[PDB]
Amino acid sequence: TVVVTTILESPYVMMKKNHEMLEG
Amino acid sequence: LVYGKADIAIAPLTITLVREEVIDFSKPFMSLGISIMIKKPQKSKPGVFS
Amino acid sequence: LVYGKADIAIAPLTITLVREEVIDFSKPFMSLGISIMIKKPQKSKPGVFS
Ligand SMILES: O=c1[nH]c2cc(C(F)(F)F)c(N3CCOCC3)cc2n(CP(=O)(O)O)c1=O
């Protein structure tokens, strides 16, 4: 496995609606 | 990345000299630049003497 | 370059996977692409008795 680092930046990296339900 | 906390930063990170001196970048996967943003040219109010 | 005849190539040379396999490329010094080319619109001059 690897440690991919990013930032919250739409539309590059966006959280889905069901981010509280799913955690991965 | 320099301190080992991450392997690869797949993010919109700009290839620049300062950063380039400490990490290594892949070839750009996206080329961009500075640009002008304006409001869409709405219809003008008819002038007196139009 | 690969066979040692030259020590650096500073012509306009595309960055491609095939070429990148055998040599080293700097970061791009000029970004470009395919583009469309047409004749200038050539504004019409109206006839006198138009
Ligand atoms: O690395 C490459 N760089 C190239 C650079 C140019 C130009 F920008 F024009 F200088 C051109 N053309 C020269 C004349 O035709 C139009 C553009 C070809 C190039 N080609 C061959 P291609 O891939 O067959 O186009 C390459 O391989």
# chains A, B, ... in the order shown; residues from 1 in each chain; ligands from 1
>>> residues_near_ligand(ligand="ligand 1", cutoff="6 Å", atoms="only C-alpha atoms and all ligand atoms", output="CSV table (one decimal) with C-alpha atoms, in the first residue's frame")
chain,number,residue,atom,x,y,z
C,12,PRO,CA,11.5,21.9,-30.4
C,13,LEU,CA,11.2,18.2,-29.4
C,14,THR,CA,7.9,16.7,-28.3
>>> select_by_dssp(residues="chain B", states="alpha helix (DSSP H)", output="VMD selection string")
chain B and resid 17 to 20
>>> atom_distance(atom1="CA of residue 29 in chain B", atom2="CA of residue 10 in chain C")
22.3 Å
>>> calpha_fit_and_write(fixed="chain C", moving="chain B", output="CSV table (one decimal) with N, CA and C atoms, in the first residue's frame")
chain,number,residue,atom,x,y,z
B,1,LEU,N,21.2,11.0,-29.4
B,1,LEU,CA,21.4,11.0,-28.0
B,1,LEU,C,21.5,9.6,-27.5
B,2,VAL,N,20.7,8.7,-28.0
B,2,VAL,CA,20.8,7.3,-27.6
B,2,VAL,C,22.1,6.6,-28.0
B,3,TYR,N,22.7,7.1,-29.1
B,3,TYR,CA,23.9,6.5,-29.6
B,3,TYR,C,25.1,7.3,-29.1
B,4,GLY,N,24.9,8.4,-28.3
B,4,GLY,CA,26.0,9.1,-27.6
B,4,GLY,C,26.6,10.2,-28.5
B,5,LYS,N,26.1,10.5,-29.7
B,5,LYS,CA,26.7,11.5,-30.5
B,5,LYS,C,26.4,12.9,-30.0
B,6,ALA,N,25.4,13.1,-29.1
B,6,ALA,CA,25.1,14.4,-28.5
B,6,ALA,C,24.9,14.2,-27.0
B,7,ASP,N,25.1,15.3,-26.2
B,7,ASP,CA,24.8,15.4,-24.8
B,7,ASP,C,23.4,15.7,-24.5
B,8,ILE,N,23.0,16.9,-24.9
B,8,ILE,CA,21.6,17.4,-24.7
B,8,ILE,C,21.1,18.1,-26.0
B,9,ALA,N,19.8,17.8,-26.3
B,9,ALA,CA,19.2,18.3,-27.5
B,9,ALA,C,18.3,19.5,-27.1
B,10,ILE,N,18.9,20.7,-27.1
B,10,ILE,CA,18.1,21.9,-26.8
B,10,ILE,C,17.5,22.4,-28.1
B,11,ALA,N,16.3,21.8,-28.4
B,11,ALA,CA,15.6,22.0,-29.6
B,11,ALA,C,14.1,21.8,-29.3
B,12,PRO,N,13.2,22.4,-30.2
B,12,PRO,CA,11.8,22.1,-30.0
B,12,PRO,C,11.4,20.7,-30.3
B,13,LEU,N,11.7,19.8,-29.3
B,13,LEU,CA,11.5,18.4,-29.4
B,13,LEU,C,10.3,18.0,-28.5
B,14,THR,N,9.3,17.4,-29.1
B,14,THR,CA,8.0,17.2,-28.4
B,14,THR,C,8.1,16.0,-27.5
B,15,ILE,N,7.7,16.2,-26.2
B,15,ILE,CA,7.7,15.1,-25.2
B,15,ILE,C,6.7,14.1,-25.6
B,16,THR,N,7.1,12.9,-26.0
B,16,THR,CA,6.1,11.9,-26.5
B,16,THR,C,6.5,10.6,-25.9
B,17,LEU,N,5.6,9.6,-25.9
B,17,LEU,CA,5.8,8.3,-25.2
B,17,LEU,C,6.9,7.6,-25.9
B,18,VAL,N,6.9,7.5,-27.2
B,18,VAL,CA,7.9,6.8,-28.0
B,18,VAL,C,9.3,7.3,-27.7
B,19,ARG,N,9.5,8.6,-27.7
B,19,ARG,CA,10.8,9.2,-27.4
B,19,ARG,C,11.1,9.0,-25.9
B,20,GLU,N,10.0,9.1,-25.1
B,20,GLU,CA,10.2,9.1,-23.6
B,20,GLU,C,10.8,7.7,-23.2
B,21,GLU,N,10.5,6.7,-23.9
B,21,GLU,CA,10.9,5.3,-23.6
B,21,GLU,C,12.4,5.1,-23.7
B,22,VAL,N,13.1,5.9,-24.5
B,22,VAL,CA,14.5,5.7,-24.8
B,22,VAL,C,15.4,6.9,-24.2
B,23,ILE,N,14.9,8.1,-24.2
B,23,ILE,CA,15.6,9.2,-23.6
B,23,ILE,C,14.8,9.7,-22.5
B,24,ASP,N,15.3,10.7,-21.8
B,24,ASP,CA,14.5,11.4,-20.7
B,24,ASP,C,14.4,12.9,-21.0
B,25,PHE,N,13.2,13.4,-20.9
B,25,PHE,CA,12.9,14.8,-21.1
B,25,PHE,C,12.9,15.6,-19.8
B,26,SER,N,13.3,16.9,-19.9
B,26,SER,CA,13.1,17.8,-18.8
B,26,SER,C,11.6,18.1,-18.7
B,27,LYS,N,11.2,18.9,-17.7
B,27,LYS,CA,9.8,19.4,-17.7
B,27,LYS,C,9.7,20.3,-18.9
B,28,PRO,N,8.5,20.4,-19.5
B,28,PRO,CA,8.3,21.2,-20.7
B,28,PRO,C,8.7,22.7,-20.4
B,29,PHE,N,9.6,23.2,-21.2
B,29,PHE,CA,9.9,24.6,-21.2
B,29,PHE,C,9.0,25.5,-22.1
B,30,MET,N,8.1,24.8,-22.8
B,30,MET,CA,7.2,25.5,-23.7
B,30,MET,C,6.0,24.6,-24.0
B,31,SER,N,4.8,25.0,-23.7
B,31,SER,CA,3.6,24.3,-24.0
B,31,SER,C,2.9,24.9,-25.2
B,32,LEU,N,2.5,24.0,-26.1
B,32,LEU,CA,1.9,24.4,-27.4
B,32,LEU,C,0.8,23.4,-27.8
B,33,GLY,N,0.3,23.5,-29.0
B,33,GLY,CA,-0.7,22.6,-29.4
B,33,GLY,C,-1.1,22.9,-30.9
B,34,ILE,N,-2.2,22.2,-31.4
B,34,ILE,CA,-2.7,22.5,-32.7
B,34,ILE,C,-3.5,23.7,-32.7
B,35,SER,N,-3.5,24.5,-33.7
B,35,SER,CA,-4.2,25.7,-33.8
B,35,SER,C,-4.6,26.0,-35.2
B,36,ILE,N,-5.6,26.9,-35.4
B,36,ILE,CA,-6.2,27.3,-36.7
B,36,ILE,C,-5.5,28.6,-37.1
B,37,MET,N,-5.2,28.7,-38.4
B,37,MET,CA,-4.6,29.9,-39.0
B,37,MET,C,-5.4,30.3,-40.1
B,38,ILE,N,-5.9,31.6,-40.1
B,38,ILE,CA,-6.7,32.1,-41.2
B,38,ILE,C,-6.1,33.4,-41.7
B,39,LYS,N,-6.6,33.8,-42.9
B,39,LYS,CA,-6.2,35.1,-43.4
B,39,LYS,C,-6.9,36.2,-42.6
B,40,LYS,N,-6.2,37.3,-42.5
B,40,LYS,CA,-6.8,38.4,-41.7
B,40,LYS,C,-8.1,38.9,-42.4
B,41,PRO,N,-9.2,39.2,-41.6
B,41,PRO,CA,-10.5,39.4,-42.3
B,41,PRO,C,-10.5,40.8,-43.0
B,42,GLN,N,-10.0,40.8,-44.2
B,42,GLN,CA,-10.0,42.0,-45.1
B,42,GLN,C,-11.4,42.5,-45.3
B,43,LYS,N,-11.5,43.7,-45.7
B,43,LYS,CA,-12.8,44.4,-45.9
B,43,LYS,C,-13.5,43.8,-47.1
B,44,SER,N,-14.8,43.5,-46.9
B,44,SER,CA,-15.6,42.9,-48.0
B,44,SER,C,-16.0,43.8,-49.1
B,45,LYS,N,-16.0,43.3,-50.3
B,45,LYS,CA,-16.5,44.1,-51.5
B,45,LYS,C,-18.0,44.4,-51.3
B,46,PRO,N,-18.4,45.6,-51.5
B,46,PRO,CA,-19.8,46.0,-51.2
B,46,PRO,C,-20.8,45.3,-52.1
B,47,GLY,N,-21.7,44.5,-51.5
B,47,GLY,CA,-22.6,43.7,-52.3
B,47,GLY,C,-23.7,44.6,-53.0
B,48,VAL,N,-24.2,44.2,-54.1
B,48,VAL,CA,-25.3,44.8,-54.7
B,48,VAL,C,-26.5,44.6,-53.7
B,49,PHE,N,-27.2,45.7,-53.5
B,49,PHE,CA,-28.3,45.7,-52.5
B,49,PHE,C,-27.7,45.8,-51.1
B,50,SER,N,-26.5,46.4,-50.9
B,50,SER,CA,-26.0,46.8,-49.6
B,50,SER,C,-26.5,48.1,-49.1
>>> interface_residues(of="chain A", to="chain B", cutoff="10 Å", atoms="only C-alpha atoms", output="PyMOL selection string")
chain A and resi 1-9+12-13
>>> write_last_selection(atoms="N, CA and C atoms", output="PDB file, in the first residue's frame")
ATOM      1  N   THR A   1       0.860  -1.216   0.000  1.00  0.00           N
ATOM      2  CA  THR A   1       0.000   0.000   0.000  1.00  0.00           C
ATOM      3  C   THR A   1       0.882   1.246   0.000  1.00  0.00           C
ATOM      4  N   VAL A   2       0.294   2.382  -0.376  1.00  0.00           N
ATOM      5  CA  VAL A   2       1.003   3.652  -0.429  1.00  0.00           C
ATOM      6  C   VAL A   2       0.140   4.741   0.184  1.00  0.00           C
ATOM      7  N   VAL A   3       0.799   5.841   0.550  1.00  0.00           N
ATOM      8  CA  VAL A   3       0.159   6.936   1.267  1.00  0.00           C
ATOM      9  C   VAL A   3      -0.023   8.101   0.305  1.00  0.00           C
ATOM     10  N   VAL A   4      -1.173   8.141  -0.384  1.00  0.00           N
ATOM     11  CA  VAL A   4      -1.439   9.171  -1.376  1.00  0.00           C
ATOM     12  C   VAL A   4      -1.998  10.401  -0.674  1.00  0.00           C
ATOM     13  N   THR A   5      -1.282  11.515  -0.774  1.00  0.00           N
ATOM     14  CA  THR A   5      -1.692  12.757  -0.140  1.00  0.00           C
ATOM     15  C   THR A   5      -2.306  13.696  -1.176  1.00  0.00           C
ATOM     16  N   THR A   6      -3.353  14.420  -0.780  1.00  0.00           N
ATOM     17  CA  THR A   6      -4.054  15.327  -1.675  1.00  0.00           C
ATOM     18  C   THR A   6      -4.563  16.508  -0.857  1.00  0.00           C
ATOM     19  N   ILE A   7      -5.410  17.350  -1.486  1.00  0.00           N
ATOM     20  CA  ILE A   7      -6.162  18.383  -0.790  1.00  0.00           C
ATOM     21  C   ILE A   7      -7.611  18.349  -1.269  1.00  0.00           C
ATOM     22  N   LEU A   8      -8.508  18.859  -0.420  1.00  0.00           N
ATOM     23  CA  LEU A   8      -9.891  19.108  -0.791  1.00  0.00           C
ATOM     24  C   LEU A   8      -9.964  20.284  -1.763  1.00  0.00           C
ATOM     25  N   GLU A   9     -10.148  19.979  -3.051  1.00  0.00           N
ATOM     26  CA  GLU A   9     -10.213  21.010  -4.070  1.00  0.00           C
ATOM     27  C   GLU A   9     -11.113  20.524  -5.189  1.00  0.00           C
ATOM     28  N   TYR A  12     -11.012  18.563  -8.267  1.00  0.00           N
ATOM     29  CA  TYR A  12      -9.872  17.667  -8.251  1.00  0.00           C
ATOM     30  C   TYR A  12     -10.091  16.535  -7.254  1.00  0.00           C
ATOM     31  N   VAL A  13     -10.468  16.894  -6.018  1.00  0.00           N
ATOM     32  CA  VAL A  13     -10.735  15.921  -4.969  1.00  0.00           C
ATOM     33  C   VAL A  13     -11.958  16.394  -4.199  1.00  0.00           C
TER      34      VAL A  13
END
>>> decode(residues="chain C", atoms="C-alpha atoms", output="short mmCIF file (atom, residue, chain, number, x, y, z; two decimals), in the first residue's frame")
data_model
loop_
_atom_site.label_atom_id
_atom_site.label_comp_id
_atom_site.auth_asym_id
_atom_site.auth_seq_id
_atom_site.Cartn_x
_atom_site.Cartn_y
_atom_site.Cartn_z
CA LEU C 1 21.55 11.59 -28.29
CA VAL C 2 21.18 7.92 -27.38
CA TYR C 3 24.23 6.86 -29.44
CA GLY C 4 26.45 9.62 -28.02
CA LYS C 5 26.84 11.75 -31.18
CA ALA C 6 25.52 14.78 -29.22
CA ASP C 7 25.47 15.87 -25.57
CA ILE C 8 22.25 17.93 -25.53
CA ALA C 9 19.37 18.66 -27.93
CA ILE C 10 17.71 22.08 -27.67
CA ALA C 11 15.36 21.99 -30.67
CA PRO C 12 11.52 21.88 -30.39
CA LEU C 13 11.22 18.22 -29.40
CA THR C 14 7.95 16.66 -28.33
CA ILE C 15 7.80 14.86 -25.00
CA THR C 16 6.53 11.35 -25.70
CA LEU C 17 6.52 8.01 -23.91
CA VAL C 18 8.63 6.31 -26.58
CA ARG C 19 11.25 9.06 -26.49
CA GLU C 20 11.09 9.41 -22.69
CA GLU C 21 12.05 5.73 -22.32
CA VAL C 22 15.57 6.10 -23.76
CA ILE C 23 16.55 9.73 -22.95
CA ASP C 24 15.81 12.42 -20.34
CA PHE C 25 13.49 15.38 -20.88
CA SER C 26 13.45 18.59 -18.90
CA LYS C 27 10.10 20.02 -17.92
CA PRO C 28 8.34 21.59 -20.91
CA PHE C 29 9.64 24.98 -22.00
CA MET C 30 6.69 25.41 -24.39
CA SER C 31 3.18 23.98 -24.10
CA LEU C 32 1.16 23.57 -27.27
CA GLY C 33 -1.26 21.34 -29.14
CA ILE C 34 -3.26 20.72 -32.28
CA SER C 35 -5.24 23.73 -33.44
CA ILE C 36 -7.43 24.93 -36.28
CA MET C 37 -6.30 27.36 -38.96
CA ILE C 38 -8.48 29.26 -41.44
CA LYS C 39 -8.32 32.31 -43.67
CA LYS C 40 -9.05 35.69 -42.13
CA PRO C 41 -12.78 36.54 -42.30
CA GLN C 42 -12.06 39.18 -45.00
CA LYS C 43 -14.70 41.81 -44.18
CA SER C 44 -16.71 42.61 -47.32
CA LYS C 45 -16.58 46.06 -48.93
CA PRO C 46 -20.14 47.00 -50.00
CA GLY C 47 -20.68 48.13 -53.58
CA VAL C 48 -21.46 51.79 -54.19
CA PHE C 49 -24.83 50.96 -55.71
CA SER C 50 -25.50 48.20 -53.20
#
